[PDB]
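So that the names make sense, note that chain A is the first sequence line, chain B the second, and so on, each numbered from 1. All ligand and atom numbering here is 1-based and tracks the order in the structure. In what follows, every heavy atom counts, from backbone to side chain, and hydrogens, waters and symmetry copies are set aside.
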Amino acid sequence: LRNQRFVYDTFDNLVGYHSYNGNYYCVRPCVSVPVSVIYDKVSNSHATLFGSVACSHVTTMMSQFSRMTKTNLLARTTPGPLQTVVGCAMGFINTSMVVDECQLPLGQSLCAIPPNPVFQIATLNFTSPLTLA
Amino acid sequence: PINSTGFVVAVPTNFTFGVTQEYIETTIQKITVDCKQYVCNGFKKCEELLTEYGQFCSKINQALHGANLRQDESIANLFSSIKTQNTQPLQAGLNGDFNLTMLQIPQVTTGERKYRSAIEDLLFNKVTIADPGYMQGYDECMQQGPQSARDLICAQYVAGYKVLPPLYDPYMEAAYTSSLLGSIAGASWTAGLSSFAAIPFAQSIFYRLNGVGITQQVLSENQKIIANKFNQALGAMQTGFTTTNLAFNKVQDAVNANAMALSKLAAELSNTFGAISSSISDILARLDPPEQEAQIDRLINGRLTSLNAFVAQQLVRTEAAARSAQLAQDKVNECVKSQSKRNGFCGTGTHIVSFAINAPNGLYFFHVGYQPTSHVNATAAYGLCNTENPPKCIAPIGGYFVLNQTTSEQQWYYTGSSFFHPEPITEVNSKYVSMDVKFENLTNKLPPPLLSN
Amino acid sequence: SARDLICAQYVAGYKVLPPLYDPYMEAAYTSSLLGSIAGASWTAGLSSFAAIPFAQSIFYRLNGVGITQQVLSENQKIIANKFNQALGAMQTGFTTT
Amino acid sequence: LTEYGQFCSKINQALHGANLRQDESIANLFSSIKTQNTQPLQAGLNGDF
Amino acid sequence: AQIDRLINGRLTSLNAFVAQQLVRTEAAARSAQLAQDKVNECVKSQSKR
Amino acid sequence: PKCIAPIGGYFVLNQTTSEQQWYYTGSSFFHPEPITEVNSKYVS
Amino acid sequence: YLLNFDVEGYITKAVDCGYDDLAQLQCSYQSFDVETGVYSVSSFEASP
Ligand SMILES: *[C@@H]1O[C@H](CO)[C@@H](O[C@@H]2O[C@H](CO)[C@@H](O[C@@H]3O[C@H](CO[C@H]4O[C@H](CO[C@H]5O[C@H](CO)[C@@H](O)[C@H](O)[C@@H]5O)[C@@H](O)[C@H](O[C@H]5O[C@H](CO)[C@@H](O)[C@H](O)[C@@H]5O[C@H]5O[C@H](CO)[C@@H](O)[C@H](O)[C@@H]5O)[C@@H]4O)[C@@H](O)[C@H](O[C@H]4O[C@H](CO)[C@@H](O)[C@H](O)[C@@H]4O[C@@H]4O[C@H](CO)[C@@H](O)[C@H](O)[C@H]4NC(C)=O)[C@@H]3O)[C@H](O)[C@H]2NC(C)=O)[C@H](O)[C@H]1NC(C)=O
Ligand SMILES: *[C@@H]1O[C@H](CO)[C@@H](O[C@@H]2O[C@H](CO)[C@@H](O)[C@H](O)[C@H]2NC(C)=O)[C@H](O)[C@H]1NC(C)=O
Ligand SMILES: *[C@@H]1O[C@H](CO)[C@@H](O[C@@H]2O[C@H](CO)[C@@H](O)[C@H](O)[C@H]2NC(C)=O)[C@H](O)[C@H]1NC(C)=O
Ligand SMILES: *[C@@H]1O[C@H](CO)[C@@H](O[C@@H]2O[C@H](CO)[C@@H](O)[C@H](O)[C@H]2NC(C)=O)[C@H](O)[C@H]1NC(C)=O
Ligand SMILES: *[C@@H]1O[C@H](CO)[C@@H](O[C@@H]2O[C@H](CO)[C@@H](O)[C@H](O)[C@H]2NC(C)=O)[C@H](O)[C@H]1NC(C)=O
Ligand SMILES: *[C@@H]1O[C@H](CO)[C@@H](O[C@@H]2O[C@H](CO)[C@@H](O)[C@H](O)[C@H]2NC(C)=O)[C@H](O)[C@H]1NC(C)=O
Ligand SMILES: *[C@@H]1O[C@H](CO)[C@@H](O[C@@H]2O[C@H](CO)[C@@H](O)[C@H](O)[C@H]2NC(C)=O)[C@H](O)[C@H]1NC(C)=O
Ligand SMILES: *[C@@H]1O[C@H](CO)[C@@H](O)[C@H](O)[C@H]1NC(C)=O
Ligand SMILES: *[C@@H]1O[C@H](CO)[C@@H](O)[C@H](O)[C@H]1NC(C)=O
Ligand SMILES: *[C@@H]1O[C@H](CO)[C@@H](O)[C@H](O)[C@H]1NC(C)=O
């Protein structure tokens with residue numbers, strides 16, 4: 001904007017800095033990435049969804065997350081991060097299943113299928129009873 | 001009232017179709033707040049002091065989670081009608097002579113299916129709503145930089161709150177609105193809800209018009225005029241999305257309320273509340289432990305007050321949205337899937353048919369009513385009978401016994417209650433009733449029901 | 001003491017706004033309601049207005065709830081007197097009970 | 001007072017919005033006068049009532 | 001400090017007044033709609049309910 | 001057979017407590033009157 | 001740490017809040033028993 005090294009948002013939060021090296025840096029609080037947990041009581045299993053975050057950025061930003069999340073992100077496991085329309089998710093497998101009732105909704109007509117005592121991503125699609133011409 | 005026998009009644013001679021617009025909200029924006037981050041911002045000294053106010057954060061989280069769960073249940077209940085609603089396929093563009101092009105979703109030969117109708121596209125383009133970064137908002141807020149119109153969305157990752165996505169994507173809402181459009185046509189003389197008749201839209205409209213006091217002869221003569229008036233009424237509401245429209249203004253009011261709640265939540269973090277600074281780091285850097293506690297406590301108290309106010313208003317709006325959603329279900333069942341005999345519930349005038357389209361955070365209704373424009377003063381009678389030792393008196397059915405004029409030898413006719421068109425009295429439009437003192441005595445001219453053949 | 005609440009407007013710093021309509025408009029509204037009670041009863045629409053007297057409208061309303069025409073003709077004066085007694089009894093019904 | 005934010009402006013806006021909504025609500029109820037057909041009643045006695 | 005204590009007390013009073021005023025406005029709007037329904041059903045017609 | 005049913009009333013005997021005579025009365029007031037086609041309809 | 005005291009006054013089970021996401025959920029809502037659902041959780045893991 002001008003000859004200023006600090007960038008502030010409308011609410012006076014420091015969001016950007018210009019450094020001596022010549023780079024520009026985005027400034028965020030040490031806990032910024034939203035985290036939500038999908039838990040199933042019957043099987044005592046859980047999964048993690050990072051809302052509105054690209055999977056690639058989640059790999060770089062690990063210091064906010066818990067120890068097991070850090071270990072799983074570093075381990076590059078097979079059930080690793082999957083990009084959905086509601087953010088990056090861990091512990092899910094992409095399936096083409098279609099359901100009409102959901103107990104663990106994720107938004108945008110997405111559903112989570114708990115494992116029988118990983119989680120499966122299903123979709124909510126409704127069907128009319130009959131069509132009469 | 002007239003001084004002769006009988007009574008004067010104003011019967012319309014010309015009519016037009018009026019449209020009443022109504023907006024009903026169904027859901028609000030779901031918000032979750034990270035209480036620990038919002039209050040203490042990761043500083044252990046603040047968190048130690050926060051314990052003296054009890055388990056504040058856990059209660060805040062539980063209350064917000066319960067509110068979101070209730071809203072999800074409420075919206076799920078409304079959309080469940082799709083599973084058990086019988087529907088019939090409508091024609092493209094013209095269904096007889098009525099034009100329903102704008103209310104239908106345009107079919108595409110190749111590509112991605114559309115989820116918005118022409119009228120819905122017109123409605124949504126008139127309302128400014130920020131995109132709440134459902135998929136990649138966190139990255140976009142960094143790649144785009146600080147923007148005044150987008151600071152409310154990007155404040156999620158600084159203040160410590162999250163905007164949850166809605167339960168259903170817009171494709172589900174489009175399916176719901178298309179389901180409503182395909183269930184309007186049906187039978188009208190049945191006394192149940194267990195049978196579905198595949199009656200065309202035009203015949204259903206004509207049956208609805210015949211039940212409000214318009215005879216079959218008038219409908220047959222004025223078929224094209226009625227169709228043209230209906231098309232003119234439907235086409236006139238495409239350009240009715242202006243600031244003068246109160247119903248359209250309430251949609252923007254709902255959007256502004258949703259924005260205002262997050263604006264209030266975000267702005268409270270910049271207040272000092274009487275402390276030397278609004279930042280915990282500044283307090284720790286400028287003061288020593290004996291004096292830091294008081295300033296940190298002042299900030300804690302201010303932020304706790306802000307969170308309590310936000311939670312209370314969020315619960316209020318959730319309850320109001322649930323009641324409004326129930327009202328929407330009642331409006332759909334009464335005005336959309338059937339014809340209403342009530343006054344004032346489905347628009348003004350005599351109700352004929354209603355349509356429902358998707359709207360931001362709710363539904364938009366178009367109530368079509370029968371609106372007369374001109375009237376005629378007609379002389380009417382309570383009943384008619386001959387002069388015999390036993391009398392047989394008759395009364396009109398759904399109409400009036402009137403004389404054929406606009407201003408002992410009088411000739412009586414029958415007319416519909418909603419349109420003036422005299423026609424001979426038969427047993428179709430009359431029924432036998434008991435003897436009444438105010439009934440006319442017909443000496444010479446007798447209708448066939450009154451003839452002792 | 002009874003007026004300190006009103007006079008506190010100019011000391012505390014709040015204002016009581018007048019209502020949108022004066023009482024004459026409200027009187028016009030109530031008179032409008034009284035003049036629309038009478039009308040037809042056997043029609044299936046809301047687009048026609050019939051200038052039926054109040055007494056005939058009341059008798060039509062009574063005939064539709066299960067009272068035959070012969071009973072109404074025989075008991076006309078009794079029905080009118082009972083209605084007048086019912087209307088006049090509510091003038092003194094503004095009590096704490 | 002500035003350290004508590006724009007308190008007074010928010011208070012004024014909230015009260016103004018509430019009053020505006022009440023004015024709209026009362027205006028809607030009284031609009032029936034314009035399109036209500038009426039007939040003149042008699043003074044005192046209308047028949048026997 | 002003393003001026004701040006007075007400011008905090010009066011801000012709390014104003015917030016409480018605004019909240020209750022909005023509550024009563026919403027209740028009055030719903031009651032007004034009920035009045036319109038009562039007029040249309042009981043006053044201008046005969047009710048079968 | 002041709003069976004009839006009352007319209008907006010009841011088919012009652014004229015008493016307050018093979019040769020019985022049936023009448024018609026309104027549902028909201030007891031006043032027996034002869035049964036005609038005005039106050040009756042054919043049913044199954 | 002989240003500690004549960006039995007009827008006799010002893011600690012029967014405990015939760016390390018910063019271990020995994022399930023522990024974070026339990027400490028965020030302060031309950032060992034949590035119903036099935038989707039919950040937003042806070043952060044309890046500290047780093048140098
Ligand atoms: C069972 O039910 C299932 C769920 O209902 C259903 O599955 C769904 O199917 C539909 C239809 O097939 C899918 O819709 C499509 O979604 C595409 C992806 O959307 C996401 O991503 C975009 C951004 O794109 C980036 O990411 C995608 C991958 O995700 C990538 O492919 C792309 O390259 C980019 O990298 C994002 O914009 C979307 O989010 C916005 O839109 C949502 C609604 O669709 C909103 O809910 C959300 O809030 C976002 O809203 C904002 O942005 C929009 C757009 O600017 C604004 O209008 C709005 O105001 C707001 O700002 C989402 O995260 C999407 O790309 C695709 O788009 C096409 O189709 C629509 C509708 O016709 C057009 O509007 C688009 O322009 C575009 O049309 C044309 O599409 C063809 C073919 O793809 C392209 O070749 C053309 O170029 C393109 N034309 C133009 C001009 O762009 C469409 O929306 C949906 O995702 C599925 N949901 C799932 C799988 O969960 C399933 O079919 C049902 N099954 C049965 C049997 O019925
Ligand atoms: C993976 O998930 C997607 C939904 O996100 C499934 O649907 C496919 O999505 C891709 C990418 O948008 C489209 O190009 C395909 O056409 C979609 N297919 C269908 C049938 O809708 C996809 O099938 C999933 N893959 C699996 C389960 O292997
Ligand atoms: C009902 O009113 C309409 C609108 O005024 C009348 O339409 C007019 O029709 C005449 C021919 O009869 C045209 O010359 C006029 O231009 C029309 N007026 C318009 C379009 O505003 C219609 O005739 C009336 N119907 C009646 C009297 O039965
Ligand atoms: C039915 O109404 C639609 C609009 O709702 C009409 O379509 C328009 O037609 C005009 C004249 O050709 C075009 O200029 C517009 O672009 C069309 N609008 C659309 C497609 O949205 C249609 O012509 C009407 N049908 C009939 C039979 O009159
Ligand atoms: C009612 O009276 C009207 C006129 O007031 C009649 O309409 C006329 O009918 C005659 C005879 O068929 C025609 O020559 C005229 O052109 C008609 N006038 C108009 C303005 O249409 C009508 O036929 C009468 N209805 C009856 C007797 O049932
Ligand atoms: C039709 O004729 C009958 C005759 O039965 C009239 O009924 C009389 O009405 C007057 C008041 O108008 C009563 O005082 C008489 O007692 C009635 N007579 C009988 C025998 O019941 C009736 O008024 C006439 N209808 C008219 C003039 O419209
Ligand atoms: C029904 O029965 C009552 C008596 O229970 C009849 O009323 C009597 O009718 C006779 C003959 O006209 C009169 O002399 C009596 O004074 C009447 N009694 C009373 C108390 O009014 C009545 O007529 C019968 N109804 C019929 C046969 O339809
Ligand atoms: C009735 O027709 C529909 C198509 O219109 C068909 O799907 C359905 O099976 C038919 N029902 C019966 C009972 O034959
Ligand atoms: C600043 O406000 C103006 C006027 O509303 C708007 O056009 C412009 O985009 C805004 N600038 C930014 C960076 O948001
Ligand atoms: C004081 O109160 C009494 C009793 O209510 C009342 O009659 C009197 O008018 C009051 N006095 C003033 C000055 O308001």
Item to check | Test of proximity, B/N441 against ligand 6: N or O pairs below 3.5 Å | outcome: yes

Checklist entry - If you count the atoms of ligand 8 from 1 in the order shown, which ones are under 4.0 Å from a heavy atom of A/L132? => result 5 (O)

Please list every donor-acceptor pair under 3.5 Å in which a side-chain atom of residues 23-31 of chain F meets a protein atom from a residue at least two apart or in another chain.
residue	atom	partner	partner atom	Å
F/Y24	OH	F/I7	O	2.9
F/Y24	OH	F/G8	O	3.3
F/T25	OG1	F/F29	O	3.0
F/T25	OG1	F/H31	N	2.9
F/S28	OG	C/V65	O	2.4

Checklist entry - Which atoms from ligand 2 have a heavy atom of A/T95 less than 4.0 Å away? => result 27 (C)

Next on the checklist: Using a 4.0 Å cut-off to any heavy atom of B/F439, which atoms of ligand 6 qualify?
Outcome noted: 25 (N), 26 (C), 28 (O)

Checklist entry - Taking the six-membered ring for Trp, are the ring centroids of B/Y382 and B/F439 within less than 6.0 Å of each other? => result no

Next on the checklist: Quick check with a 6.0 Å cut-off and a 45 degree axis cone: is B/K162 positioned over the face of B/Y134's six-membered ring?
Outcome noted: no

Next on the checklist: Check the orientation of D/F49 and C/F54. Use parallel for under 30°, tilted for 30 to 60°, and perpendicular for over 60°.
Outcome noted: perpendicular

Item to check | Part of A/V85 with heavy atoms under 4.0 Å of ligand 2, whether side chain, backbone, both or neither | outcome: neither

Next on the checklist: For C/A40, is there any backbone N or O sitting under 3.5 Å from a side-chain donor or acceptor partner on C/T43?
Outcome noted: no

Item to check | Contact (N/O only, under 3.5 Å) between A/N94 and ligand 2 | outcome: yes

